[PDB]
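Structure 1 and structure 2 below are two forms of the same protein chain, each written out on its own as structure tokens.
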Structure 1
């Protein structure tokens, strides 16, 4: 009615075939055009190569789109950063003003769950920002996942955020958190965060069985699977931390706040590391798409 679902996604959902939701803010605010389009195409190709149907979610001319046509992807990507970064709380406004919106994890969660997609691949999830006891700056991603029964496939949480506090917040929100094939919770750019994972899963089939259980119980809280970036693609943790500290200070000084903050910080860290962090970001999203697609296929086979 209000939501436009692509034929291919619509067909897969009707037949119980694997579908993987994808967000669009990485396209609009994660990298420049046409690299953004290239990375988005590659991710969707990895999803299809591993047996799932990719469902990139966005809002175009006020219409929520679940699954984008090639034309729509190209159009969105070419708009670049002029597209509105759209969290869940922004959806109604972008719809009402007939605008274009690139959806974050919290908005993408909402639409994916709405149409019955169970697996959502992202790069990293928002979290508790550093010094949140002074700011209370905490991503709506965490509350959204706490009340949306969907599995988010991430590479953990970036060190621009407070990882230990983000893990505590997720526990309080009743989100099941598990690291993939590791006892150590990953830190996005780097495989190791310094925090033990609260739980562990060792295969795509293991992940699918937890999701299946969650669905059967009708629990209204979600799941975060954290897939460590492949060791060969992991960025040096001292280079990342040094760039991160500088970026955080610059954000504070230039009064970058609210939803402008994460995009500002990730872009600055990429500048400061001469491209190394963006390259790792691209690597982990591709790895997440691979594992995420395998989970969705396993889940489809269970059901």
Structure 2
């Protein structure tokens, strides 16, 4: 049922480094054709650092692990009209023969299915603000707690509740480590105000943790949090307030906040988002190559 691209299939069969990539960043992070440009630049960074990129999406009901140029452009061109597909939506998107842009929870599922150990993303979903009134908590976190894969993120955006997100990850048995810092990063910016529960200082360090996790057959995964580079590192609070006073909820809520943050920052937040996923791709690829060498 799942279609693995020729390049990814070759790599997996030969034990070469593969880096999984998600597609909601393509459909919902930015408009066409900038979304396509970024996805291709991310894939190029993966290839230029010795790994094979496996962008995951669902197209016409077919889960695809590894996308061709045609599939990337086709996905990107549909823009925000593509179904944002969490793990729980996969079966429905398949059954309806639809297109789906897979989130972290869905991409985890497919990456694990075929034995990809490293999954590069921008930021992971989290515990939402005021969750003690709503219980709005991303399935990304639950999925990572029972999928043994390493997610390479730039931390968690302050749109979400970062302290509670860290607590929920801990409850779900997810190892969380910041890269070359004692501070947990906050996606757009390096400062979250939260201490990192653990630290790793090199791609080789990361690969050794992953290797141990694999060998032990633990069922919980890992969140690496790579602070956005210092050269690429009010709007959130105002966007949040506006969000409440205009009662934006459900599926509209998260796209509204990110868009508002981008508008209020005049493109600065999106630019940072682009910079961080590229940085995650660099470090993630180095981790994957180091891991492949270990194995």
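Residues that one form lacks are left out of the comparison. Numbering follows the first chain given and starts at 1. Heads up, when I say rigid core I mean the largest set of C-alphas that superpose within 1.5 Å between the two forms.
Chemist: Give the option from 270, 50, 39, 259 whose C-alpha shifts by 2 Å or more between structures 1 and 2; the alignment is on the rigid core.
Modeler: If I go through the list carefully, the shifting residue is 259.
Chemist: With both forms fit on the core, is the shift of the CA atom of residue 250 between structures 1 and 2 2 Å or larger?
Modeler: Comparing forms between structures 1 and 2, the residue 250 CA shifts at least 2 Å.
Chemist: Determine, in Å, the CA shift of residue 11 between structures 1 and 2 after the rigid core is used for superposition.
Modeler: For residue 11, the C-alpha ends up 0.6 Å from its position in the other form.
Chemist: Rigid core superposed, residue 81 Cα shift between structures 1 and 2 in Å?
Modeler: Looking at the C-alpha of residue 81 between structures 1 and 2, the offset is 1.1 Å.
Chemist: Where exactly does the backbone move between structures 1 and 2? Looking for runs of 3+ consecutive residues, each with a CA shift of 2 angstroms or more after core alignment.
Modeler: 249-264 is the lone stretch that moves between structures 1 and 2.
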